[PDB]
Amino acid sequence: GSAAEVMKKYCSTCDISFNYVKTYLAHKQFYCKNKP
Ligand SMILES: [Zn+2]
């Protein structure tokens, strides 16, 4: 068994998911609340 576990469509820090990858992109861009 490989310990891959993929999930590039869910911002754990925000606690949300996005079916569309484009959403996750635009999210981490300037939509995410991951302020410095
Ligand atoms: Zn986020």
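Note that the numbers count up from 1, one per residue, in the order the chain is shown.
Positions of Cβ are set from backbone N, Cα and C atoms, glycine also.
Copied over from Swiss-Prot:
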- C11, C14, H27, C32: Zn(2+) 5 binding site (BINDING)
- 3-36: zinc finger (ZN_FING)
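Proximity of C14 (Zn(2+) 5 binding site) to non-local residues of its own chain (separation of 6 or more, Cβ distance below 8 Å) is seen for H27, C32, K33, given in sequence order.
Of the chain residues outside the Zn(2+) 5 site list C11, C14, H27, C32, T13, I16, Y24, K28, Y31, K33, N34 have their Cβ within 8 Å of the site's Cβ mean position.
The binding-site residues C11, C32 differ in how many other CB atoms lie within 10 Å of their CB, and the one with the most is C11. Under the DSSP three-state reduction, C32 (Zn(2+) 5 binding site) is assigned to coil, being neither helix nor strand. Counting every protein chain shown, the number of other Cβ atoms lying within 10 Å of the Cβ of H27 (Zn(2+) 5 binding site) is 17.
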